[PDB]
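The numbers in the deposited numbering rise by one with no breaks, and the one at position 75 of the sequence shown is 75. Here a beta-carbon is modelled for each residue, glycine too, at the ideal position from N, C-alpha and C. First comes the structure, then the notes that go with it.
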Amino acid sequence: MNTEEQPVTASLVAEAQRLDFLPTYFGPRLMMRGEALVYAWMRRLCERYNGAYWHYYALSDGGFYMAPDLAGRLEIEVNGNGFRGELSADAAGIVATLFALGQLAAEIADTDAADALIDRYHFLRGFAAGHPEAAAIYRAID
């Protein structure tokens, strides 16, 4: 539609519907296999990262992403590319969920489903470009 940014934007799903929204967009079985995978990478990016509420977000691209609930400067040092920089719970939650997608795809070995969930990765990855901190987000996952 556009020539620069993407018309794709995330959204906040109800709390009483997010309980089924996750297993509905990811899978009734993955809901846990993925929620724990996104936070798994998060606690790795920061040495002083206890945890937070990874709110469920709906994407028009056909996927979805989760972002922890932390207001302030989150010192997140990504080992993936050694990018040391403080990001917001939102701009950081992008790198947390993204890394998880790439793990599940390679965790289930070479299967027809190892390329299906991959779609979500490419879908969200594009939304990160529309963010004001895109520079930090894309480099964080780079």
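Backbone secondary structure at residue i - three-state DSSP
i: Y57; result: strand
i: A16; result: coil
i: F99; result: helix
i: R33; result: helix
i: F83; result: strand
i: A109; result: coil
i: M1; result: coil
i: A71; result: coil
i: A140; result: helix
Beta strand (DSSP E) segment containing residue i, residue limits
i: residue 147; result: Only positions 1 to 142 of the chain appear in this structure, which leaves residue 147 out of reach.
i: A67; result: 64-67
Whether residue i touches residue j by CB criterion (7 Å)
i: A96; j: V38; result: yes
i: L22; j: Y56; result: yes
i: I141; j: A91; result: no
i: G63; j: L124; result: yes
i: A114; j: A128; result: no
i: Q17; j: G130; result: no
i: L59; j: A14; result: no
Boundaries (first-last residue) of the alpha helix (DSSP H) holding residue i
i: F123; result: 118-127
i: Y49; result: Note, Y49: premise wrong, no alpha helix (DSSP H); not H, not E.
Nearest candidate by alpha-carbon position, reference residue i, set the options
i: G80; options: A100, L12, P23, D119; result: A100
i: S88; options: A10, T24, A134; result: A134
i: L98; options: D110, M1, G34, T3; result: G34
Exercise for the section: Tell me, please, whether the stretch 39-51 touches the stretch 68-76 by the rule of three or more beta-carbon pairs shorter than 8 Å. Expected result: Contact between the stretch 39-51 and the stretch 68-76 is present, because at least three Cβ pairs lie under 8 Å.
Problem - Validate contact between the stretch 72-79 and the stretch 27-37 using beta carbons, cut 8 Å, 3 pairs - result: Taking one beta carbon from each stretch, the stretch 72-79 and the stretch 27-37 have fewer than 3 pairs nearer than 8 Å; the two do not touch.
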